[PDB]
Every structure is written in structure tokens, then in C-alpha cells.
Amino acid sequence: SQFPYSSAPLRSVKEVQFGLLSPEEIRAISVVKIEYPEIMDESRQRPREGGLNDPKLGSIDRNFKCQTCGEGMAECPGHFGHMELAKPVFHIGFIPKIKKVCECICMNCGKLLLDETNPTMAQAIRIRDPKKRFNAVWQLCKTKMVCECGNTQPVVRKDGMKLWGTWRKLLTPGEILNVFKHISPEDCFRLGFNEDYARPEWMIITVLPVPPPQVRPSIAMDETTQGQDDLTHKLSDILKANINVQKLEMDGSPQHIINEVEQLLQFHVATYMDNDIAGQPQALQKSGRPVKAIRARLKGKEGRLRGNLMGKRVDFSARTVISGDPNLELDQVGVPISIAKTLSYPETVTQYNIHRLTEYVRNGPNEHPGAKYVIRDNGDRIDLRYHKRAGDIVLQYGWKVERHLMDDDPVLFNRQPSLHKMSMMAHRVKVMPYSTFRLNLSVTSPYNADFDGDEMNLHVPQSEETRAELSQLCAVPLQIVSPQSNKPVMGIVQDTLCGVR
Amino acid sequence: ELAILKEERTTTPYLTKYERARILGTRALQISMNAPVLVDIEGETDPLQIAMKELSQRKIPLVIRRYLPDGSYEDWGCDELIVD
Amino acid sequence: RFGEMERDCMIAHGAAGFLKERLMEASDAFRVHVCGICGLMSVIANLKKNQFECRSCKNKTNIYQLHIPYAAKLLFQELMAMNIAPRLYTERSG
Amino acid sequence: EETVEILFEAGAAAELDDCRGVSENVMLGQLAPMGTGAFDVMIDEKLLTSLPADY
Amino acid sequence: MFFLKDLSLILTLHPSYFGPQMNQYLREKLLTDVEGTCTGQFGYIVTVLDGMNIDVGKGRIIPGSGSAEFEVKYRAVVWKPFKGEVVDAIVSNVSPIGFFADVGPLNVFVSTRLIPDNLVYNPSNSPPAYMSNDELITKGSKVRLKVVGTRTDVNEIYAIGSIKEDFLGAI
Amino acid sequence: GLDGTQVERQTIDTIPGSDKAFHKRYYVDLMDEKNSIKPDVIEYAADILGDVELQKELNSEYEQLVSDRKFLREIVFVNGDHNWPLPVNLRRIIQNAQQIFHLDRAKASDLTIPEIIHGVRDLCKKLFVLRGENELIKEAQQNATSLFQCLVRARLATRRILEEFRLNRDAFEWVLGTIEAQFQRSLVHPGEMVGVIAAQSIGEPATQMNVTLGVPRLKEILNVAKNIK
Amino acid sequence: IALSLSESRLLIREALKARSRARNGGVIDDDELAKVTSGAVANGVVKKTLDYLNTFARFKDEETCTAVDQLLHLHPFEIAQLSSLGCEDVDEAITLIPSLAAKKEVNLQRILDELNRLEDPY
Ligand SMILES: [Mg+2]
Ligand SMILES: [Zn+2]
Ligand SMILES: [Zn+2]
Ligand SMILES: [Zn+2]
């Protein structure tokens, strides 16, 4: 409900399919073609229309909004760009797979080394799991050397990062890419790939996706004068490599030198994507530490999958010491003015409540009653602290206002440990001075608490459904009789018991 | 193909506390976002109070779909459900 | 802290809406628009104009919305940077 | 564990997730089938038609 | 080619619209967003069958949002071209590199290369037309052509025809 | 099918007592005056003696009570315990009816025997736990309310209503309606997460805790130890 | 659902008159009936479809369509193709519709007779 209204139907995912980014799809999803070399346009302020900080990709600047989606930074997720490489390059993750696939079928014609006459091939095809089919095809095709064309199949060996054929010639990315381009759909299915989506020509990298600055954290350790992440530096190095690869194809230069520079660009992109590469050094930063490749960003303790997240402002809970108060109802809780001001409840402006809500807004966040933030329909958050014109603010219907915690507001209240279901109950707020929560004596027994310094936790619902659920299900009077032993759990205790005796 | 006939309904005719809470919450949300109000407003401004007033007069334009364990469901109008 | 025992207490109370709020508001929930055909990150949405456009499929007819952890959103974005595509489908295939 | 090799195999043979586990729906944030979430609420068109002309 | 097809749609209604406008108002959004609109799966939905009597059903309330989700089910009429389909076209425009012919609610471009070499084009002749001995093709004529391929443009799908096959022409 | 918060300790009056006391408390005979209803509590005493049909009705009621006695003693509670948790406090309802309608001041009741018997039977047929016309549903509904039906038939006997409670027509109808409504209010709501409630209500008493007893015995039971201590 | 041109015209005509009675609420040729609708893209699609149907009018009678249905109601696609495209003899009918050759029950002489005999001859 906190999000601005969207007419799109709200559903849930039931199947996620890992595929491959085809270059045409990479271009389609990219918001703008990017070719300009460096980040800064002319050292004359503003982002470069064609730089690594292109505003079309979605910046991370608070005062600036992404031009593609038109949303604010609180809603803009960022947008992708694509960098086209003139020379197609291998994929470091798939180079062993590239060699395995090259050894799978005949590179001369694109056909399998064995036909369907073998019942084992028919069984592998009929196997539902593509992994088992691929494994069976590889196991039963390694022994067979002749293809299904009379041409001897050269053996592909991985030397460093290059692939060499033993019939001989060095494997070239253009010819390999064309060889995949000649693969029939039935050979695509037999190999374990999907002709429509997981089409085996996608392991050839021709265009690389540059992500928005949201993906990598560019920490602003000091105002405007900042550096960049290792990913940005490696992307710049890759672009320089691609530029000097492009600039060495129309002019006369040795072919082996051209291939060596191409392998240089390949190693650049490999170190950018994969850090722990076997048999070759990793990309080391100027400080000597390895460059944090994107492969390690999702693996390991430093990886995001195990868990690493930061950055949010949540203040919807409190915890403090308590004391007794005989002058409170059974369902009332005393709340300090400071705690009430710290917490807030977002109320939507209607015709009935507009007057008192405008009064609360005019009061400001430093006085009780009052409000802290005003959210527009689109989601802009006006902070009343920095808005010196709060006395000249009008509110339209549908706007939200985060007002102070007020009387009779249902709040959830808990003691640790919460052994039983009535250790957490919904109370009505009464705002009173000084810095202790106040409770009725009779509810201390179900809480199993005393006022010798024990601490209690408080939560505030942020929606009408939650407020109604707290007021109709977790209310204090509803918890007087427990289902454990069909007897009341709250009774007259201590001074009141002695006095009534 | 799965709906139960109205005369063949076998569930309880009373409004359970969970159903009451959900109906009150949903009606309060709808009223809070400027939905038309089915009952006159005397002096109250709280959406939950208005929702409770509507419920007391059986003026809730909502239908409960009680799901049987197999997958079938029964449709009950909030007007035809007994409220204590 | 909202631990496991508090979750069990609120389960006993049967207030599913509060569980949803805790699982979303006290976590990394974020709204994401996904094409119902491609399932990629190619959706441009204008709420004031009430329009949607999938630049991957040239689709402006049906685009769904989901609530996802934004840590998973960053993971999905760098997974696009992996040049391997998670195609999100809201319907199973069997 | 083994996320890099999981992605490798996924790119190799188009891995698919059934999403049958409760963890997927917890990650998605759908109302649980318990308590208040043990049923569905539908708008009553017939009652709205039976409402006055203003409603 | 005309067909009768059963269609379903997802509608989202804001709670501020919850009044005496349940049936007809949702129906008119359905007509605006469906009637006269093309889809890749079932071509052009030119009109609907029994528009005012379309059952909107019961709208599910999405929890935590209040918006009502409607499954609008109906039966309508659609137009679909097919590969290899032989149709008679009313040619609308003639250009030196072919002709535009309007079929149904769409237009098909047929190039000059596929046109047989007996039929010769003339811009100097009035009107600029494809003529020859006892043969004439100009705007306002019925030309029998077979569709070679249809392009799924989603918004307004197109197709291409040809007359380079036997027994093709006015009969 | 009942909620745990809607049960209180109540006594089944048929279980205890001797056979002679049971006969004195429940049996009614319209032939002998000493075994009949006392004339000072009903306005129509002279119209009762010799009535064959009312005698047959009372005989049927007594046979039902005897069957309930035998079923409770020989099957359910062999040890003879009569106090058990049951829904709907009948005694509180009866005294509330007495206070509301001022059933004091020893005024002869206008309630008739067939009215009382038919009302009790209809109330015993209206305690709906499960609904539906299926044979299995009807059998389960009959089985689920056997003990409560026995309690109601034991408390609302003809002699107990007339001589002891002295209910009138309005009080009797109000009692029947209140009992039906309160039983309908004591059912468990569908969608209750009873598993967590049971787990918490079992774990909690362990906090305040010759053969092995206490927490070690509890752990032995829960772990299903092959060789206990 | 396979559909020929004749009952397609019947369906669109009855839908147009029904929406004129209902949607317009108080409202006969092709052009102005096409112009009744609203929406520029919708107006263009509707007018193009209606002028295409009017310029290609095959069946304009209701009881004749009923008689044709009674005589016919045989692949549904074949049924649609029989009425959509006119024929004169088997030699070109099998050329336009190849399914007529592999039937073993041709009966095309009579079928063409009622096709070109019930209404105004083509
Ligand atoms: Mg203490
Ligand atoms: Zn953006
Ligand atoms: Zn070969
Ligand atoms: Zn898409």
C-alpha cells in the first residue's frame, strides 16, 4: 500500500527460467547505444550522453531523476546499457563449455558424430532431463570419431585461453560463431539446447551489458570528488582494448599481433567477469588486492547470495524500561512524548480528517501533536524539518501524512521471551511525559514482568488492515481468558488485592 | 465447475472473527481512499468506525469465498451472514 | 527485534496481514514490473499516463507487477550483466 | 553453495525452478492461507446494483 | 479470415470507482481496450459479440491494496490472415516498386519483382498502372493474390502477397 | 468442534446418586398422587391425573434418561466422575432466567408437559456442529453432541423444571433460545491455527516444573526413547 | 471457429444493429454506420472492415443462408472455403482448394448448382 498505485495486476512468480542474453535482446533492452570512451563529457560538469554515467541508464543522484522511466530515485531501479564489440569474443565461464561443445559435434558441417540408429541416442533424447541427455551424448560421442560427413574431426585443446585444433589451424571466434550459426534446430535440441531461447550461438560475446550505477556501490566517501569501483575501471580498460582492437583492422598490421590484441581484450573481459581463473593470474588492483569480479559478487561470504545488504531508514519500533500506573485502563499503555514523536503513522488525507491533519502538519515534527513527512500521490517525500514554508502547504485528497503517534492508536507490545500467545498484545496509546512506558498492574502477570528494570518492545502498524487486525484479534480484553486452561490469566494483584481483602 | 450451489452450502452461517476483522480492514482501507460511503456520516471521521457502522447495518458490498480443503469454494454475501 | 517467537505468537493470533507487513516492510521488499511474455527487465511504466511498454517484446498490452527483495533485484541486474537471462514466468509449465 | 556452477549448468541446459517451496511465496509476499488469509473477498456487484443511484 | 473466438482479459479497478458503475463502466473500458485492437495470438478484434451482456464476474480484492481484479470473459469476432491463403484484394495505391492493397482492416504491400514480366508498369500512362495486352491493374481493381508471409507487428500486423503462382488472378 | 475458551466445569446430574434417588428425582407417575407433580406448582393439576398420553411421554423421557445413565456409567466415565469441562453454563442461564422474570413468590406454573418435552427434544436436535443431509454428516453430528445432550436432558427434567426451577412459558422459551445461541457461539472458528496454540499451551506448564518425572520424563516421551530410564 | 463470409456478414450486421440499439441508445448504410463508432484507430479499423465487407458482399439474404446451412450442416474449413471463394468447375476448384481432390465423394456439379442457383447467379 505504501507504493503508488499501479494498474498492473499484482501476481506471483511460479517458474524462473535461466536463459541467455542474445545480442539483439541486449540491444533491445538497452535504453541507449553507448560509444563515447571516457566517463566525463568535456570536464565541464553534467553526465556524458554516451558515458559510463549516462543519465539514460538511471543515475544515483538524489536531485536527479531517471529520464527513461521518469520515476524518482525512491522508485527508479535503473536501466541497462550495451557496449558493442566489433570483434566477437569468448565467454570465460563458457570457454571450457565452448571446447566441450566443439568436441561434441562436427565443426565442419554442424552435425552430430552419431545418428539416432543407436538405441542409446534414442533413450538420451527421450530423457526428460536435458542434463542427462547432454551427458549421455558426450559419453557416447567421445568414442566415435567419424561425423554424420566423412571428414575427420580435429581435437580441440585448451592452451591458456586459446583453442587449438589437431586434425591444422588456430580456432578463430568468427569461424566458430559461423559454425554455431550453421547449426540446425534438431542438432540444437540433441545437444541439449533450445533453438528458440537457449540457442547455442549466445556463448559468443559480441556485446556486453553495462549495468546502471545501482548495481555496483560507488561509495561517496567524500562529497563530489570521488573515484570509482573496480568494475568501472575494468570496463574502461575493456573499452580501451576494444577501441585499439577496432583501430587495428583497416590499417596494415601483422595478423598474429591482431590476434594477440584480441586475446588481450578477451583476458580483460575474463578478468572483469571471473576473478579466480585457473592457471592464469587474477586482475590485481593498484594496492595489490584482486579486482572484485562479478562472479565473486554472488558467491562466498562477501557474495550477496549468502547475504550482504545495507541502506534504509526504518524507525517503526521501540524498546525501553517500564513502570506501573494504577490510573491506566487494562488496554492502555503510557508512551513518552519523545517516543511518540520518534514514531509515526501514515494517514491518508480524506474530506473528514483534512482539518486536524492540516493542523498537525502546521504544528511540525518538533511539537506534539504533529507530523514528520508528507508523501505525494507520486511518492515524493516532503520533510517538514527542511520545509520552512510549512505554513503555506496545502494538501490534496489521496496524499499521505506521517503524523505523530497519538492517543487511542493501537500498538503491538511485547516482552522477551514470548513463550505464549498473550505475551504480545495490542494496547491503546496514551501520551504522557517522562521516559518510561506505563502499564496496568494486572497485565504484568500475563507478561511475566516486574519493574526492576525490565525492558519492553513496541511496534506500530502501518496500514488499515494491520490496525483492524490488531484492534479485533490481539486486543487486550480479548486475551483475558486463555485457551490453555479455560481460566482467566489476569487478576487483581498486589496492593489492590491486599486493599480489597 | 468448482463453485458450490447456494442451496447446497454447508458451512456455518455466522461471521467468524477472522472474516469480521478482514472485512472491517478492507472496508476501512476502501473508505480511506475515497470510496463512496453506503451509510450516512453523523460526526465520525475514523474509517474503522464507519466500517463497523456499515457492518452493523449489513451494508458491506463484499463477498466471502470460503475455500474447502479439496479446492471447491462457497460464496457468502456479507448481508446473509449472521453477525453477533 | 522481531524474531521467530514473535512470528509464532502472531501466527497463533492468526493475523496474516501483520505477518505480510513484517515480511515486507521489515525486509527488502520492492515493486518490480515484469513483461508477461519475455519475462525480462524491459518495462517502462508511466503511472500518470497509466501506460506500460516492454521494449524487449515491443509489448504494451500485458505487463505484471511483483514484490521482490531488492537485494534479489540487484542480483538479477548483475545476472543480466552475467549475459545469462532469468526469464520470470508467473505460470508453471509442468 | 555452488552458485557459480549452478549458473554454469543453467546456461548449459536451461535450468528451471518449480517454485513449489514455501520459500518462493515468502520471498514474493503473498497472504498466507491461515487466519484472516484463509479465504478470499470479492466485490459484490449485485449489492452495488441494489444500491441507490448514487451508489 | 474471419473467426469466432473466446477471449479473456484482466482488469484492475481502483476502489474510488466502487459505485453504481460496475457493469457498464468496466464493459466500456473493455470495449475501448479490446474492440478495434490487434493481438499477435488472434489477430484483429474488430468488434465483440453481445457486448452489453458480457459477464464481468466477481472482482477479487487484492490484499493490502484494495484494487479489484476482474476476469472479464467474452466471445468476440476476429480476423486472421494465413500463410498461403488466397484472397481477393482491392488495390488502393500503385507505386513504381509495387502496390498497396487494403484487405479487411489492414493493408498488404506487394512488390514489383514477383509480378510477372509480361505485365509492364507505366507511370507516364494515366493512371500509372500495370498494363499489358488485355491485362490491366490499377487502383479500384480486384486482384487475387496468395499470402506468402505474415508479420506479427502486435499493434497492427501486416502481410505480403504474391501473384507468381498458377491460376492466380481475377476469375 | 469446540473452542478451548468456551468450556467450564459442569456436573452431569445423572451419573451420581443411588437408583432410588434417581427414581425420586426423575421418575413421574400420573396414577399415584404421591408420585405425581405437586398440585401447588401447576394450575391444571386436576386435569393431569389419569392422562394416558402424558404418561406415555413421561415414560419415554424416563427411558431416555435411563439410557443416558447407562451409556455414561458403563462406557464414558467408568470411574464415576461427574464434573467435566462442557460448554454453556446451564445453571447460570437458569438463575438469570429466574432473576429476569421473577420466578419467585411461588406462583403455579402454566407450562405443560408435552410443551416441555417437545421443546427439550427440538433443542437437542438444533445443536448444529456440522451441517448437511449426508448420512455420515448426520452420524458425526449426533456423535459430537452426545455428552452435551446428556447434560441438557439431565438438567432440564420435568420434575426439576416444575418443582425446583419453577419456570413458566416465557422463561422456558427464553432458556431454550439462550442455550441454542450460546452453544452456537461456543464453536471453534474455521481457520484457527490450533497447532501453535496447543504447542504453546503444552510448553508453558513445563516452565514451572518412584519413576522418572518432570522435564526428563517429558524429554523421554517427546524423543520416543527406545530404552527409557 | 471456422467462419465463412456469409454468416460473418450476418454476425457483424446483427452486432452493429444490437450496439446501435444498446450502446447508442436511439440510433443504415455502410459509411455512416462505420462512422457511428468512436476512437480514431477504432474508427479506421471499423470503417475499413465494413467497406471491405460491403464491397465483397456475397450473401445478403437470411433465409437463403439458413437454407445453405440446412443443406450443408465436410470439414469446417472446407465449409468456410466453399462459400468464401466462388467456383465454376472442378479443375480450378481443386486448384484453389486442394482438399476437394482427396474426398472420393465429389458431388461438385450439384453443389455448385445450388451455390450459384439459390441467390442471384454469380
Ligand atoms: Mg525483572
Ligand atoms: Zn529509471
Ligand atoms: Zn561433419
Ligand atoms: Zn517482454
# chains A, B, ... in the order shown; residues from 1 in each chain; ligands from 1

$ interface_residues --of "chain E" --to "chain C" --cutoff "12 Å" --atoms "only C-alpha atoms" --output "PyMOL selection string"
chain E and resi 9-12+33-34+37-40+63-65+152-156

$ interface_residues --of "chain C" --to "chain F" --cutoff "12 Å" --atoms "only C-alpha atoms" --output "list in words"
residues 5, 7, 8, 9, 10, 11, 12, 13, 14, 15 and 16 of chain C

$ write_last_selection --atoms "N, CA and C atoms" --output "mmCIF file, in the first residue's frame"
data_model
loop_
_atom_site.group_PDB
_atom_site.id
_atom_site.type_symbol
_atom_site.label_atom_id
_atom_site.label_comp_id
_atom_site.auth_asym_id
_atom_site.auth_seq_id
_atom_site.Cartn_x
_atom_site.Cartn_y
_atom_site.Cartn_z
ATOM 1 N N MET C 5 10.016 -16.299 17.746
ATOM 2 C CA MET C 5 8.959 -16.499 18.734
ATOM 3 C C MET C 5 7.833 -15.486 18.556
ATOM 4 N N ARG C 7 7.006 -14.281 15.661
ATOM 5 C CA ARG C 7 6.302 -14.802 14.497
ATOM 6 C C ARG C 7 5.338 -15.912 14.891
ATOM 7 N N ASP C 8 5.762 -16.805 15.787
ATOM 8 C CA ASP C 8 4.868 -17.865 16.245
ATOM 9 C C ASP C 8 3.688 -17.298 17.023
ATOM 10 N N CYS C 9 3.926 -16.271 17.840
ATOM 11 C CA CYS C 9 2.832 -15.656 18.586
ATOM 12 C C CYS C 9 1.807 -15.035 17.643
ATOM 13 N N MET C 10 2.278 -14.314 16.626
ATOM 14 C CA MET C 10 1.352 -13.709 15.673
ATOM 15 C C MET C 10 0.682 -14.752 14.789
ATOM 16 N N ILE C 11 1.343 -15.884 14.550
ATOM 17 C CA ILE C 11 0.687 -16.993 13.866
ATOM 18 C C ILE C 11 -0.444 -17.544 14.723
ATOM 19 N N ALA C 12 -0.199 -17.689 16.027
ATOM 20 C CA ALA C 12 -1.242 -18.148 16.938
ATOM 21 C C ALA C 12 -2.415 -17.178 16.961
ATOM 22 N N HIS C 13 -2.132 -15.874 16.942
ATOM 23 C CA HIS C 13 -3.207 -14.894 16.857
ATOM 24 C C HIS C 13 -3.921 -14.936 15.513
ATOM 25 N N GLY C 14 -3.278 -15.466 14.476
ATOM 26 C CA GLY C 14 -3.923 -15.619 13.188
ATOM 27 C C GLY C 14 -4.054 -14.360 12.366
ATOM 28 N N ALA C 15 -3.228 -13.347 12.621
ATOM 29 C CA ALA C 15 -3.289 -12.087 11.881
ATOM 30 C C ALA C 15 -2.304 -12.158 10.722
ATOM 31 N N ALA C 16 -2.762 -12.709 9.596
ATOM 32 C CA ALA C 16 -1.880 -12.916 8.451
ATOM 33 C C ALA C 16 -1.413 -11.600 7.841
#

$ closest_atom_pairs --of "chain C" --to "ligand 4" --cutoff "9 Å" --atoms "only C-alpha atoms and all ligand atoms" --output "Markdown table"
| residue | atom | partner | partner_atom_place_in_ligand_line | distance |
| --- | --- | --- | --- | --- |
| C:34 | CA | ligand 4 | 1 (Zn) | 7.4 |
| C:35 | CA | ligand 4 | 1 (Zn) | 4.3 |
| C:36 | CA | ligand 4 | 1 (Zn) | 6.4 |
| C:37 | CA | ligand 4 | 1 (Zn) | 5.0 |
| C:38 | CA | ligand 4 | 1 (Zn) | 3.5 |
| C:39 | CA | ligand 4 | 1 (Zn) | 5.6 |
| C:40 | CA | ligand 4 | 1 (Zn) | 6.0 |
| C:41 | CA | ligand 4 | 1 (Zn) | 7.8 |
| C:42 | CA | ligand 4 | 1 (Zn) | 6.5 |
| C:43 | CA | ligand 4 | 1 (Zn) | 7.5 |
| C:53 | CA | ligand 4 | 1 (Zn) | 8.5 |
| C:54 | CA | ligand 4 | 1 (Zn) | 5.0 |
| C:55 | CA | ligand 4 | 1 (Zn) | 6.8 |
| C:56 | CA | ligand 4 | 1 (Zn) | 4.9 |
| C:57 | CA | ligand 4 | 1 (Zn) | 4.3 |
| C:58 | CA | ligand 4 | 1 (Zn) | 7.1 |
| C:59 | CA | ligand 4 | 1 (Zn) | 6.3 |
| C:63 | CA | ligand 4 | 1 (Zn) | 8.1 |

$ residues_near_ligand --ligand "ligand 2" --cutoff "6 Å" --atoms "only C-alpha atoms and all ligand atoms" --output "PyMOL selection string"
chain A and resi 58+66+68-69+71+76-79

$ residues_near_ligand --ligand "ligand 1" --cutoff "7 Å" --atoms "only C-alpha atoms and all ligand atoms" --output "list in words"
residues 449, 450, 451, 452, 453 and 454 of chain A

$ residues_near_ligand --ligand "ligand 3" --cutoff "10 Å" --atoms "only C-alpha atoms and all ligand atoms" --output "PyMOL selection string"
chain A and resi 105-114+146-153

$ select_by_dssp --residues "stretch 394-452 of chain A" --states "strand (DSSP E)" --output "PyMOL selection string"
chain A and resi 400-404+410-414+424-431+437-439

$ write_last_selection --atoms "C-alpha atoms" --output "tab-separated table (two decimals), in the first residue's frame"
chain	number	residue	atom	x	y	z
A	400	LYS	CA	-0.28	10.66	2.83
A	401	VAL	CA	0.96	12.34	6.00
A	402	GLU	CA	3.14	10.60	8.60
A	403	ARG	CA	1.70	12.09	11.77
A	404	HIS	CA	2.93	11.57	15.32
A	410	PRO	CA	-3.48	0.52	18.55
A	411	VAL	CA	0.13	-0.58	19.02
A	412	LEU	CA	1.64	-4.03	19.48
A	413	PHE	CA	3.51	-4.62	22.73
A	414	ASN	CA	5.82	-7.47	23.66
A	424	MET	CA	2.29	-9.94	22.79
A	425	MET	CA	-0.86	-7.82	22.86
A	426	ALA	CA	-2.38	-4.73	21.28
A	427	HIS	CA	-2.80	-1.67	23.52
A	428	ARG	CA	-4.14	1.86	23.15
A	429	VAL	CA	-1.60	4.67	23.36
A	430	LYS	CA	-1.77	7.39	26.00
A	431	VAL	CA	0.95	10.00	25.56
A	437	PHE	CA	6.38	3.02	29.34
A	438	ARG	CA	3.39	2.75	31.67
A	439	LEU	CA	1.27	-0.38	32.09

$ closest_residue --among "F:210, F:6, F:79, F:145" --to "residue F:185" --atoms "only C-alpha atoms"
F:6

$ closest_atom_pairs --of "chain G" --to "chain E" --cutoff "6 Å" --atoms "only C-alpha atoms" --output "tab-separated table"
residue	atom	partner	partner_atom	distance
G:1	CA	E:4	CA	5.2
G:2	CA	E:3	CA	5.6
G:3	CA	E:3	CA	5.3
G:42	CA	E:36	CA	4.6
G:45	CA	E:105	CA	4.9
G:48	CA	E:105	CA	4.7
G:49	CA	E:104	CA	4.6
G:52	CA	E:104	CA	5.3

$ atom_distance --atom1 "atom CA of residue G:11" --atom2 "atom CA of residue G:111"
24.3 Å

$ residues_around --residues "stretch 66-81 of chain G" --least-positions-apart "2" --cutoff "9 Å" --atoms "only C-alpha atoms" --output "PDB file with C-alpha atoms, in the first residue's frame"
ATOM      1  CA  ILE G   1     -14.369 -21.405 -35.026  1.00  0.00           C
ATOM      2  CA  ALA G   2     -14.070 -21.665 -38.803  1.00  0.00           C
ATOM      3  CA  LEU G   3     -16.248 -18.998 -40.402  1.00  0.00           C
ATOM      4  CA  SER G   4     -17.252 -18.257 -43.985  1.00  0.00           C
ATOM      5  CA  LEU G   5     -18.013 -14.785 -45.318  1.00  0.00           C
ATOM      6  CA  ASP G  61     -30.335 -12.867 -47.523  1.00  0.00           C
ATOM      7  CA  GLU G  62     -31.070 -14.530 -44.189  1.00  0.00           C
ATOM      8  CA  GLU G  63     -33.385 -17.388 -45.181  1.00  0.00           C
ATOM      9  CA  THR G  64     -31.049 -18.283 -48.050  1.00  0.00           C
ATOM     10  CA  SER G  83     -18.688 -20.051 -49.561  1.00  0.00           C
ATOM     11  CA  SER G  84     -15.750 -17.639 -49.244  1.00  0.00           C
ATOM     12  CA  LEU G  85     -14.462 -18.240 -52.792  1.00  0.00           C
ATOM     13  CA  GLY G  86     -16.664 -18.784 -55.819  1.00  0.00           C
ATOM     14  CA  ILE G  97      -8.907 -25.795 -52.631  1.00  0.00           C
ATOM     15  CA  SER G  99      -8.865 -30.836 -50.370  1.00  0.00           C
ATOM     16  CA  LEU G 100     -11.605 -31.430 -52.967  1.00  0.00           C
ATOM     17  CA  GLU G 114     -27.180 -24.718 -55.549  1.00  0.00           C
ATOM     18  CA  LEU G 115     -24.284 -22.372 -54.763  1.00  0.00           C
ATOM     19  CA  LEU G 118     -30.284 -20.154 -54.751  1.00  0.00           C
TER      20      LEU G 118
END

$ select_by_dssp --residues "chain B" --states "helix (DSSP H, G or I)" --output "number ranges by chain"
B: 6-8, 17-32, 47-56
